[PDB]
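Okay, structure.txt now, which holds compact mmCIF, C-alpha atoms and all ligand atoms:
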```
# COMPACT_ATOMS: atom_id res chain seq x y z
CA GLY A 58 -129.38 -234.75 -35.56
CA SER A 59 -132.42 -234.09 -37.85
CA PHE A 60 -134.43 -230.82 -37.75
CA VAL A 61 -136.79 -231.34 -40.70
CA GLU A 62 -139.05 -228.41 -39.66
CA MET A 63 -136.09 -225.99 -40.09
CA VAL A 64 -134.40 -227.48 -43.18
CA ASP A 65 -134.94 -225.30 -46.30
CA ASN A 66 -136.35 -222.34 -44.32
CA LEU A 67 -134.17 -219.72 -46.06
CA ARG A 68 -134.56 -217.85 -49.35
CA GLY A 69 -132.36 -215.33 -51.13
CA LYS A 70 -128.93 -215.16 -52.73
CA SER A 71 -125.45 -213.86 -51.81
CA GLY A 72 -125.86 -210.38 -53.36
CA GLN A 73 -129.21 -209.47 -51.67
CA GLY A 74 -128.87 -211.63 -48.56
CA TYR A 75 -130.59 -214.76 -47.21
CA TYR A 76 -133.75 -214.34 -45.19
CA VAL A 77 -136.05 -216.33 -42.91
CA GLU A 78 -139.76 -215.81 -42.27
CA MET A 79 -140.61 -214.47 -38.80
CA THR A 80 -143.75 -213.18 -37.08
CA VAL A 81 -144.00 -210.19 -34.76
CA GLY A 82 -146.89 -209.10 -32.53
CA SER A 83 -150.38 -210.27 -31.59
CA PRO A 84 -152.05 -211.24 -33.89
CA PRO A 85 -148.83 -212.31 -35.70
CA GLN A 86 -147.51 -210.05 -38.48
CA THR A 87 -145.43 -212.03 -40.98
CA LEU A 88 -142.15 -210.46 -42.21
CA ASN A 89 -139.11 -211.73 -44.15
CA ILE A 90 -135.96 -211.11 -42.14
CA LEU A 91 -132.33 -211.01 -43.30
CA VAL A 92 -130.11 -213.47 -41.35
CA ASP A 93 -127.08 -211.37 -40.30
CA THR A 94 -124.21 -212.85 -38.27
CA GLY A 95 -122.41 -209.45 -38.68
CA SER A 96 -124.75 -207.40 -36.38
CA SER A 97 -126.71 -207.85 -33.16
CA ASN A 98 -130.02 -205.96 -33.45
CA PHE A 99 -133.43 -207.26 -34.48
CA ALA A 100 -134.79 -204.36 -36.55
CA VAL A 101 -137.81 -204.23 -38.83
CA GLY A 102 -139.37 -201.72 -41.25
CA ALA A 103 -142.17 -200.05 -39.23
CA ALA A 104 -143.27 -197.27 -41.61
CA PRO A 105 -144.03 -197.11 -45.37
CA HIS A 106 -141.01 -197.21 -47.69
CA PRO A 107 -141.00 -197.41 -51.55
CA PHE A 108 -139.12 -200.78 -51.37
CA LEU A 109 -141.30 -202.41 -48.66
CA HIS A 110 -144.64 -204.12 -49.51
CA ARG A 111 -145.24 -204.70 -45.76
CA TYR A 112 -144.02 -203.42 -42.41
CA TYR A 113 -144.51 -203.86 -38.68
CA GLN A 114 -147.64 -202.02 -37.48
CA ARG A 115 -147.13 -201.53 -33.71
CA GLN A 116 -150.64 -200.02 -33.21
CA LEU A 117 -152.10 -203.38 -34.40
CA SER A 118 -150.20 -205.49 -31.86
CA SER A 119 -151.80 -205.96 -28.44
CA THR A 120 -148.46 -207.21 -27.03
CA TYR A 121 -146.38 -204.26 -28.25
CA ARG A 122 -144.45 -202.50 -25.44
CA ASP A 123 -142.86 -199.10 -26.07
CA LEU A 124 -139.34 -198.73 -24.59
CA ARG A 125 -139.55 -194.89 -25.13
CA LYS A 126 -136.04 -194.83 -26.59
CA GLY A 127 -134.65 -194.11 -30.03
CA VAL A 128 -131.85 -195.85 -31.88
CA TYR A 129 -129.67 -194.26 -34.62
CA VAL A 130 -127.53 -196.65 -36.68
CA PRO A 131 -125.22 -195.03 -39.28
CA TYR A 132 -122.85 -197.58 -40.91
CA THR A 133 -120.41 -197.39 -43.94
CA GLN A 134 -122.85 -198.05 -46.88
CA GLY A 135 -126.21 -197.25 -45.22
CA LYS A 136 -128.19 -196.00 -42.22
CA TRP A 137 -131.41 -196.43 -40.29
CA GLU A 138 -133.18 -194.80 -37.36
CA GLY A 139 -135.87 -196.31 -35.20
CA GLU A 140 -137.82 -196.63 -32.01
CA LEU A 141 -137.13 -199.38 -29.49
CA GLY A 142 -139.85 -201.63 -28.13
CA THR A 143 -140.53 -205.27 -27.32
CA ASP A 144 -143.08 -207.75 -28.70
CA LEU A 145 -143.74 -211.49 -29.05
CA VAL A 146 -141.69 -213.01 -31.88
CA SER A 147 -141.80 -216.44 -33.53
CA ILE A 148 -140.03 -218.23 -36.39
CA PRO A 149 -142.74 -220.30 -38.23
CA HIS A 150 -140.13 -222.68 -39.71
CA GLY A 151 -138.10 -222.66 -36.52
CA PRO A 152 -138.27 -223.91 -32.94
CA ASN A 153 -141.84 -224.13 -31.76
CA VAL A 154 -141.48 -221.26 -29.23
CA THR A 155 -142.54 -217.62 -28.90
CA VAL A 156 -140.31 -215.16 -27.13
CA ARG A 157 -140.52 -211.63 -25.89
CA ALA A 158 -137.74 -209.80 -27.76
CA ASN A 159 -136.39 -206.32 -28.38
CA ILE A 160 -137.42 -204.86 -31.73
CA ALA A 161 -136.08 -201.69 -33.31
CA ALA A 162 -139.02 -200.31 -35.32
CA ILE A 163 -137.36 -198.60 -38.32
CA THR A 164 -139.03 -195.24 -39.03
CA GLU A 165 -136.37 -193.62 -41.30
CA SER A 166 -133.60 -195.19 -43.41
CA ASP A 167 -131.05 -194.42 -46.19
CA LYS A 168 -129.78 -197.10 -48.65
CA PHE A 169 -130.88 -199.84 -46.20
CA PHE A 170 -133.95 -201.48 -47.87
CA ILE A 171 -132.85 -203.15 -51.17
CA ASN A 172 -135.34 -202.86 -54.07
CA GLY A 173 -136.54 -206.45 -54.82
CA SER A 174 -134.67 -208.24 -51.94
CA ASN A 175 -138.00 -209.47 -50.45
CA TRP A 176 -136.84 -208.79 -46.82
CA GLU A 177 -138.34 -206.19 -44.45
CA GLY A 178 -135.97 -206.40 -41.49
CA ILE A 179 -132.71 -207.84 -40.14
CA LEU A 180 -131.97 -210.47 -37.51
CA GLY A 181 -128.59 -209.62 -35.99
CA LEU A 182 -127.22 -212.88 -34.59
CA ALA A 183 -123.89 -211.63 -33.18
CA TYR A 184 -123.22 -210.66 -29.52
CA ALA A 185 -124.51 -207.88 -27.27
CA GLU A 186 -121.16 -206.01 -27.35
CA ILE A 187 -121.96 -204.60 -30.84
CA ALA A 188 -125.74 -204.05 -30.24
CA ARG A 189 -127.09 -200.50 -30.65
CA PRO A 190 -127.50 -198.15 -28.80
CA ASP A 191 -125.36 -200.24 -26.42
CA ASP A 192 -124.77 -203.73 -24.98
CA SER A 193 -127.73 -203.49 -22.55
CA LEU A 194 -130.15 -204.13 -25.51
CA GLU A 195 -130.39 -207.91 -25.35
CA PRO A 196 -130.04 -209.48 -28.86
CA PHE A 197 -132.77 -211.83 -30.14
CA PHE A 198 -130.77 -215.06 -29.79
CA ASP A 199 -129.84 -214.17 -26.18
CA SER A 200 -133.60 -213.71 -25.40
CA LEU A 201 -134.50 -216.94 -27.18
CA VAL A 202 -131.94 -218.99 -25.14
CA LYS A 203 -132.89 -217.27 -21.84
CA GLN A 204 -136.66 -217.74 -22.21
CA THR A 205 -136.77 -221.29 -23.70
CA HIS A 206 -134.88 -224.63 -23.61
CA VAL A 207 -133.42 -223.98 -27.11
CA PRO A 208 -129.67 -224.90 -27.00
CA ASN A 209 -127.22 -221.98 -27.38
CA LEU A 210 -126.19 -222.84 -30.95
CA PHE A 211 -127.43 -222.24 -34.50
CA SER A 212 -126.12 -223.41 -37.84
CA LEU A 213 -126.38 -222.00 -41.36
CA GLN A 214 -126.34 -223.64 -44.79
CA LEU A 215 -126.48 -220.81 -47.42
CA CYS A 216 -127.16 -222.23 -50.86
CA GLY A 217 -125.90 -220.41 -53.93
CA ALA A 218 -127.75 -221.57 -57.07
CA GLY A 219 -124.66 -221.41 -59.28
CA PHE A 220 -126.61 -219.43 -61.91
CA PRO A 221 -128.80 -216.27 -61.85
CA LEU A 222 -132.34 -216.58 -60.48
CA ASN A 223 -134.98 -214.19 -61.83
CA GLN A 224 -137.59 -212.46 -59.54
CA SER A 225 -140.07 -215.40 -59.68
CA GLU A 226 -137.35 -218.10 -59.33
CA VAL A 227 -135.73 -216.45 -56.27
CA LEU A 228 -139.18 -216.39 -54.55
CA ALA A 229 -139.78 -220.08 -55.43
CA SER A 230 -136.27 -221.40 -54.76
CA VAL A 231 -134.82 -222.79 -51.51
CA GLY A 232 -131.91 -220.61 -50.42
CA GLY A 233 -130.74 -222.75 -47.53
CA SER A 234 -131.31 -223.59 -43.88
CA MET A 235 -131.02 -221.92 -40.53
CA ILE A 236 -131.12 -224.63 -37.84
CA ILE A 237 -131.88 -222.96 -34.52
CA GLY A 238 -130.59 -224.99 -31.54
CA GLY A 239 -128.89 -227.75 -33.45
CA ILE A 240 -126.89 -229.36 -36.24
CA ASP A 241 -128.66 -231.16 -39.07
CA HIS A 242 -126.37 -233.93 -40.43
CA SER A 243 -128.17 -233.98 -43.86
CA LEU A 244 -126.74 -230.51 -44.68
CA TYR A 245 -123.09 -231.49 -44.92
CA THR A 246 -120.66 -234.20 -46.00
CA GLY A 247 -117.48 -235.31 -44.29
CA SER A 248 -116.43 -234.03 -40.85
CA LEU A 249 -117.08 -230.79 -38.99
CA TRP A 250 -113.89 -228.96 -37.97
CA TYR A 251 -114.01 -226.26 -35.33
CA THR A 252 -112.15 -222.99 -34.90
CA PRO A 253 -112.33 -220.98 -31.60
CA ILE A 254 -114.44 -217.82 -31.41
CA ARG A 255 -111.57 -215.47 -30.42
CA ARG A 256 -113.85 -212.99 -28.68
CA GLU A 257 -117.64 -212.69 -28.44
CA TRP A 258 -118.61 -209.45 -30.28
CA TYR A 259 -118.60 -210.28 -33.99
CA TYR A 260 -118.03 -213.99 -34.70
CA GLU A 261 -114.24 -213.40 -34.67
CA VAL A 262 -111.83 -216.11 -35.86
CA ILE A 263 -108.10 -216.43 -36.59
CA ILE A 264 -106.74 -217.30 -40.09
CA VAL A 265 -103.24 -218.82 -39.84
CA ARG A 266 -102.28 -219.48 -43.53
CA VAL A 267 -103.67 -218.72 -46.98
CA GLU A 268 -103.00 -220.72 -50.18
CA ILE A 269 -103.95 -220.10 -53.81
CA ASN A 270 -103.91 -223.50 -55.66
CA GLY A 271 -101.70 -224.86 -52.87
CA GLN A 272 -99.20 -221.98 -53.16
CA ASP A 273 -98.63 -220.25 -49.82
CA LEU A 274 -99.40 -216.49 -49.96
CA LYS A 275 -96.48 -216.36 -47.45
CA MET A 276 -97.57 -213.22 -45.57
CA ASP A 277 -97.03 -212.71 -41.79
CA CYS A 278 -100.26 -214.33 -40.46
CA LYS A 279 -101.08 -211.12 -38.52
CA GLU A 280 -101.82 -209.53 -41.91
CA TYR A 281 -104.68 -212.00 -42.54
CA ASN A 282 -106.46 -210.86 -39.33
CA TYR A 283 -105.71 -207.14 -39.56
CA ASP A 284 -107.67 -205.75 -37.69
CA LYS A 285 -110.01 -208.74 -37.24
CA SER A 286 -111.38 -211.72 -39.18
CA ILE A 287 -115.13 -212.39 -38.91
CA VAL A 288 -117.82 -214.74 -40.26
CA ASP A 289 -120.63 -212.57 -41.67
CA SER A 290 -123.73 -213.85 -43.50
CA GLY A 291 -124.74 -210.21 -44.15
CA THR A 292 -121.68 -209.56 -46.41
CA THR A 293 -121.75 -210.87 -49.98
CA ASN A 294 -118.04 -211.14 -50.71
CA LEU A 295 -114.94 -212.67 -49.24
CA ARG A 296 -113.34 -209.34 -48.11
CA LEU A 297 -109.61 -209.23 -47.39
CA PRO A 298 -107.38 -206.59 -45.76
CA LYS A 299 -105.84 -204.27 -48.40
CA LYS A 300 -102.35 -205.87 -48.47
CA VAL A 301 -103.77 -209.42 -48.39
CA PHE A 302 -106.20 -208.54 -51.20
CA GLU A 303 -103.34 -207.10 -53.30
CA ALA A 304 -101.23 -210.29 -52.79
CA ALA A 305 -104.22 -212.64 -53.38
CA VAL A 306 -105.39 -210.90 -56.58
CA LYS A 307 -101.83 -211.00 -57.98
CA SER A 308 -101.73 -214.77 -57.26
CA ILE A 309 -105.26 -215.42 -58.65
CA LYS A 310 -104.36 -213.41 -61.81
CA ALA A 311 -101.13 -215.47 -62.21
CA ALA A 312 -103.01 -218.78 -61.81
CA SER A 313 -105.70 -217.73 -64.36
CA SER A 314 -103.18 -216.03 -66.73
CA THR A 315 -104.25 -218.08 -69.80
CA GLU A 316 -107.17 -215.57 -70.02
CA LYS A 317 -106.80 -211.79 -69.48
CA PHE A 318 -109.59 -209.99 -67.63
CA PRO A 319 -110.10 -206.19 -67.50
CA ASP A 320 -109.15 -204.23 -64.37
CA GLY A 321 -112.89 -203.59 -63.69
CA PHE A 322 -113.44 -207.36 -63.29
CA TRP A 323 -110.76 -207.67 -60.57
CA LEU A 324 -112.27 -204.59 -58.86
CA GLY A 325 -115.58 -206.50 -58.54
CA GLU A 326 -117.40 -203.87 -60.66
CA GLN A 327 -117.58 -205.40 -64.13
CA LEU A 328 -119.08 -208.71 -65.17
CA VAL A 329 -117.24 -211.27 -67.32
CA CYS A 330 -119.29 -213.50 -69.68
CA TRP A 331 -118.73 -216.77 -71.49
CA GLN A 332 -120.81 -218.62 -74.11
CA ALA A 333 -123.45 -220.80 -72.35
CA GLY A 334 -121.85 -223.73 -70.50
CA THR A 335 -118.24 -222.78 -71.36
CA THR A 336 -117.16 -221.03 -68.11
CA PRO A 337 -113.48 -222.12 -67.78
CA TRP A 338 -113.64 -223.05 -64.10
CA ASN A 339 -110.39 -225.06 -64.42
CA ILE A 340 -108.25 -221.96 -65.16
CA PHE A 341 -109.27 -220.37 -61.85
CA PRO A 342 -107.50 -221.53 -58.67
CA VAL A 343 -108.96 -222.97 -55.47
CA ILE A 344 -108.42 -220.82 -52.32
CA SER A 345 -107.68 -222.34 -48.93
CA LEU A 346 -107.95 -220.52 -45.64
CA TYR A 347 -106.30 -222.30 -42.67
CA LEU A 348 -108.04 -221.64 -39.37
CA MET A 349 -106.80 -222.12 -35.79
CA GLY A 350 -107.93 -225.51 -34.45
CA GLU A 351 -109.30 -226.42 -31.02
CA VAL A 352 -106.21 -228.50 -30.18
CA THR A 353 -102.94 -226.69 -29.28
CA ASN A 354 -100.65 -226.24 -32.35
CA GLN A 355 -103.28 -227.67 -34.71
CA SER A 356 -105.04 -225.99 -37.64
CA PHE A 357 -107.41 -227.14 -40.40
CA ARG A 358 -108.22 -225.69 -43.82
CA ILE A 359 -111.37 -224.75 -45.74
CA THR A 360 -111.02 -224.73 -49.54
CA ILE A 361 -113.35 -222.93 -51.92
CA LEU A 362 -113.64 -223.08 -55.67
CA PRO A 363 -114.17 -220.34 -58.29
CA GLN A 364 -117.85 -221.56 -58.25
CA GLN A 365 -117.97 -219.87 -54.80
CA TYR A 366 -115.91 -216.69 -55.50
CA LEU A 367 -117.33 -215.95 -59.00
CA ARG A 368 -120.87 -214.70 -58.31
CA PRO A 369 -123.46 -215.45 -61.07
CA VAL A 370 -125.15 -212.35 -62.51
CA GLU A 371 -127.48 -211.78 -65.46
CA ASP A 372 -125.88 -210.06 -68.51
CA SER A 376 -128.22 -213.12 -73.75
CA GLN A 377 -127.69 -216.84 -73.14
CA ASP A 378 -124.15 -216.26 -71.84
CA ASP A 379 -123.04 -217.36 -68.34
CA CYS A 380 -121.85 -214.18 -66.54
CA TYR A 381 -120.19 -213.52 -63.19
CA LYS A 382 -118.72 -210.85 -60.95
CA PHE A 383 -115.50 -211.40 -58.96
CA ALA A 384 -116.67 -211.67 -55.32
CA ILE A 385 -113.37 -211.09 -53.57
CA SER A 386 -112.78 -207.47 -52.55
CA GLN A 387 -110.65 -205.21 -50.41
CA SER A 388 -111.41 -204.21 -46.82
CA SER A 389 -109.97 -201.62 -44.39
CA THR A 390 -111.84 -203.34 -41.47
CA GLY A 391 -110.30 -206.83 -41.61
CA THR A 392 -111.21 -210.11 -43.26
CA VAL A 393 -114.91 -210.82 -43.79
CA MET A 394 -115.91 -214.39 -44.61
CA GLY A 395 -119.15 -213.41 -46.38
CA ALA A 396 -121.84 -215.33 -48.19
CA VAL A 397 -119.63 -216.45 -51.06
CA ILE A 398 -117.35 -218.32 -48.41
CA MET A 399 -120.44 -219.49 -46.45
CA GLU A 400 -122.06 -220.96 -49.62
CA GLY A 401 -119.27 -223.57 -49.71
CA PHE A 402 -119.89 -224.78 -46.17
CA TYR A 403 -122.31 -225.73 -43.48
CA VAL A 404 -121.32 -223.32 -40.66
CA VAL A 405 -122.07 -224.11 -37.00
CA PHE A 406 -122.18 -221.10 -34.63
CA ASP A 407 -121.57 -223.05 -31.43
CA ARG A 408 -122.02 -220.23 -28.94
CA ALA A 409 -122.24 -222.65 -25.98
CA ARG A 410 -118.69 -223.96 -26.70
CA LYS A 411 -117.30 -220.60 -28.10
CA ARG A 412 -116.42 -222.20 -31.45
CA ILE A 413 -117.40 -222.12 -35.14
CA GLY A 414 -117.65 -225.38 -37.10
CA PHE A 415 -117.16 -225.85 -40.86
CA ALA A 416 -118.05 -228.80 -43.05
CA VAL A 417 -118.44 -229.15 -46.83
CA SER A 418 -121.98 -228.06 -47.72
CA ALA A 419 -124.34 -230.60 -49.32
CA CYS A 420 -125.50 -227.67 -51.56
CA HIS A 421 -122.14 -226.18 -52.65
CA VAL A 422 -121.73 -225.59 -56.38
CA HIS A 423 -118.88 -227.56 -57.99
CA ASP A 424 -117.92 -229.44 -61.14
CA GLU A 425 -116.93 -233.06 -61.88
CA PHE A 426 -113.25 -232.36 -61.24
CA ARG A 427 -113.04 -230.40 -57.98
CA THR A 428 -115.07 -229.95 -54.80
CA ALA A 429 -114.90 -227.61 -51.81
CA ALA A 430 -113.10 -229.21 -48.84
CA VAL A 431 -112.62 -229.06 -45.07
CA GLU A 432 -109.46 -230.95 -44.08
CA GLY A 433 -107.09 -231.43 -41.22
CA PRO A 434 -105.23 -231.52 -38.98
CA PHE A 435 -102.06 -229.57 -39.77
CA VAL A 436 -99.28 -228.75 -37.37
CA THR A 437 -99.16 -224.94 -36.96
CA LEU A 438 -97.03 -223.10 -34.40
CA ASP A 439 -97.53 -219.68 -32.65
CA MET A 440 -101.13 -219.27 -33.88
CA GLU A 441 -101.96 -216.79 -31.05
CA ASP A 442 -99.38 -214.48 -32.77
CA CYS A 443 -101.73 -214.36 -35.83
CA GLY A 444 -104.33 -212.38 -33.86
CA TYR A 445 -104.25 -208.57 -34.02
CA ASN A 446 -104.13 -206.40 -30.84
CA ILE A 447 -104.75 -202.56 -30.49
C1 LIG A 501 -120.53 -200.70 -37.15
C2 LIG A 501 -122.01 -200.76 -37.42
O1 LIG A 501 -122.58 -201.69 -36.49
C3 LIG A 501 -123.80 -202.11 -37.01
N1 LIG A 501 -123.88 -202.63 -38.24
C4 LIG A 501 -125.08 -203.07 -38.67
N2 LIG A 501 -125.11 -203.62 -40.01
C5 LIG A 501 -124.04 -203.20 -40.87
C6 LIG A 501 -124.49 -203.71 -42.21
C7 LIG A 501 -123.27 -204.18 -42.95
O2 LIG A 501 -122.55 -203.35 -43.50
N3 LIG A 501 -122.99 -205.53 -42.89
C8 LIG A 501 -121.89 -205.99 -43.71
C9 LIG A 501 -123.71 -206.44 -42.15
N4 LIG A 501 -123.28 -207.65 -41.97
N5 LIG A 501 -124.89 -206.02 -41.60
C10 LIG A 501 -125.55 -204.77 -41.97
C11 LIG A 501 -126.38 -204.91 -43.20
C12 LIG A 501 -127.23 -204.00 -43.83
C13 LIG A 501 -127.82 -204.50 -45.02
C14 LIG A 501 -127.42 -205.79 -45.30
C15 LIG A 501 -127.76 -206.58 -46.42
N6 LIG A 501 -127.94 -207.24 -47.36
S1 LIG A 501 -126.34 -206.38 -44.10
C16 LIG A 501 -126.23 -204.24 -40.70
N7 LIG A 501 -126.18 -203.02 -37.92
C17 LIG A 501 -126.07 -202.52 -36.67
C18 LIG A 501 -127.30 -202.44 -35.81
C19 LIG A 501 -124.87 -202.05 -36.17
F1 LIG A 501 -124.71 -201.57 -34.93
```

Since I need it in another form, could you write the structure as structure tokens?
Amino acid sequence: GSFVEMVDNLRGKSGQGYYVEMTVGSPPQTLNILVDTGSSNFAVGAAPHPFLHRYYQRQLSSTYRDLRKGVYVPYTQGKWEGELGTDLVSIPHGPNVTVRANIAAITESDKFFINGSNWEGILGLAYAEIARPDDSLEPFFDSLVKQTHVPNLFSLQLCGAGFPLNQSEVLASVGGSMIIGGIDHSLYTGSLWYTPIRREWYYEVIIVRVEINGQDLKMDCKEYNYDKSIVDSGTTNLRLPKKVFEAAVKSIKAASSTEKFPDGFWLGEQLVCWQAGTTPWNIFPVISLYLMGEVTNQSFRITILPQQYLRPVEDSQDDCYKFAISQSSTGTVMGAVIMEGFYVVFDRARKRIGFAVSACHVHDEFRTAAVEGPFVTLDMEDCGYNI
């Protein structure tokens, strides 16, 4: 329905992440927490760091409980180490409840805290299977549902500004909404279409067809989900498996061939700039991803514009962007630049993910993002990867 207390509770941008305010401990300690559907731990800075202006001070919380257990989390681009404990946690612009949750108090980290991101921790919203050190460490959302009457569902509206925001603007701007326990109908237009959650670990989905400006990429659909396809608010880009990325970039280059861009642009490293207001959106194609539907032999599609996959960056008065589609060796990742086009419903109770056109997606007068269906699609189970 309508969840006015949670609408507009996020801040941030696709490159540095979107965060929500939370409180930990007694008396409450306020922290800004990255919303991450790609992990399953609630972890906060708990020791001084050059990039943190605040951190969780366990010795100041009367409700802190030490679990006497460490946690070591090395991942591809970064790492953190911490100490496990529990404490009382609330979301000020959330459900009006306080829960006793696991907290990994980060004591040492490497390339984890981003200089100027304004967040001091991460809220992993995925399932216990991928929690560290193991699946016995109950994730925050699991604790919230178990301890309260909050429905087992959350929804995210990530709002890209469509232009760069400076330090002051990003602190003053509304970055979106995280609706805990419901769906807010003001955040989207048109209908919600649902795709099954294939397995509960990451938010895993199955892509069944890919088009670039209506042209079928024509790859065996297993390639699109090799070795998985996930929905991840903690990733900036749309990341595609190597072979899919190679085919997609060739097609996007062919569609936009009236302008030549350097190799560094297509590699997502180099910015491209145009005179203020002259970005040639129309030369860039739309991209549609078809997802397995809830009905047998039915699919639907989500369509994004270059306003989603060209990420605004500061250079001058030029309008500059980076290409936000990149290669992956760990499957497809529908990151923030996909999520900015849509209101995304993580319906854990019904093991499904819903998509609708976002009320805050960036577009022009000629084209809009879309969520459409149904389409007849056969052998969709064959699109999923095994082993
Ligand atoms: C395989 C590692 O499993 C785990 N992975 C993770 N994460 C991997 C990181 C990552 O690379 N992506 C993309 C992501 N979605 N989340 C992480 C981010 C770090 C900084 C971000 C920003 N901005 S987002 C957190 N945490 C735990 C606790 C794991 F167990």

Check which residues fall inside 7 Å of ligand LIG 501 (chain A) when counting only C-alpha atoms and all ligand atoms, and print them as a short mmCIF file (atom, residue, chain, number, x, y, z; two decimals) with C-alpha atoms, keeping the file's coordinate frame.
```cif
data_model
loop_
_atom_site.label_atom_id
_atom_site.label_comp_id
_atom_site.auth_asym_id
_atom_site.auth_seq_id
_atom_site.Cartn_x
_atom_site.Cartn_y
_atom_site.Cartn_z
CA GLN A 73 -129.21 -209.47 -51.67
CA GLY A 74 -128.87 -211.63 -48.56
CA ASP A 93 -127.08 -211.37 -40.30
CA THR A 94 -124.21 -212.85 -38.27
CA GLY A 95 -122.41 -209.45 -38.68
CA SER A 96 -124.75 -207.40 -36.38
CA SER A 97 -126.71 -207.85 -33.16
CA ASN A 98 -130.02 -205.96 -33.45
CA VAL A 130 -127.53 -196.65 -36.68
CA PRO A 131 -125.22 -195.03 -39.28
CA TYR A 132 -122.85 -197.58 -40.91
CA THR A 133 -120.41 -197.39 -43.94
CA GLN A 134 -122.85 -198.05 -46.88
CA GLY A 135 -126.21 -197.25 -45.22
CA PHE A 169 -130.88 -199.84 -46.20
CA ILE A 187 -121.96 -204.60 -30.84
CA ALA A 188 -125.74 -204.05 -30.24
CA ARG A 189 -127.09 -200.50 -30.65
CA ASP A 289 -120.63 -212.57 -41.67
CA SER A 290 -123.73 -213.85 -43.50
CA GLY A 291 -124.74 -210.21 -44.15
CA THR A 292 -121.68 -209.56 -46.41
#
```

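Across the structure, CA of residue 113 in chain A and CA of residue 146 in chain A are spaced 11.7 Å apart.
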
Original post:
When distances are computed from all atoms listed in the file, which of A:155, A:353, A:234, A:446 shows the smallest separation from residue 212 in chain A?
Top reply: A:234

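In this comparison, which uses only C-alpha atoms, the residue of A:62, A:424, A:199, A:186 approaching residue 260 in chain A most closely is A:186.
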
Subject >> Proximity to residue 367 in chain A - best of A:224, A:66, A:294, A:172, only C-alpha atoms >> reply: A:294

Subject >> Residue neighbourhood residue 164 in chain A, 8 Å, only C-alpha atoms, exclusion window fewer than 6 positions, as JSON, numbers by chain >> reply: {"A": [102, 103, 104, 137, 138, 139, 140]}

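Here CA of residue 83 in chain A stands at a distance of 20.5 Å from CA of residue 196 in chain A.
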
Original post:
Within 12 Å of (-119.2, -217.1, -47.6), all atoms listed in the file: residues as a ChimeraX atom specification?
Top reply: /A:70-72,74-75,94,213-217,287-296,346,359-362,364-368,384-385,392-404,415,418,421

Put the listed atoms of range 102-112 of chain A in a box along x, y and z with 8 Å added on every side and give me the centre and edge lengths in Å to one decimal, as JSON.
```
{"center_x": -142.2, "center_y": -200.9, "center_z": -45.4, "size_x": 22.1, "size_y": 23.6, "size_z": 28.3}
```

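All residues of protein, DNA or RNA that reach within 8 Å of residue 122 in chain A, judged by all atoms listed in the file and not counting those fewer than 4 positions away in the chain, are residues 142, 143 and 144 of chain A.
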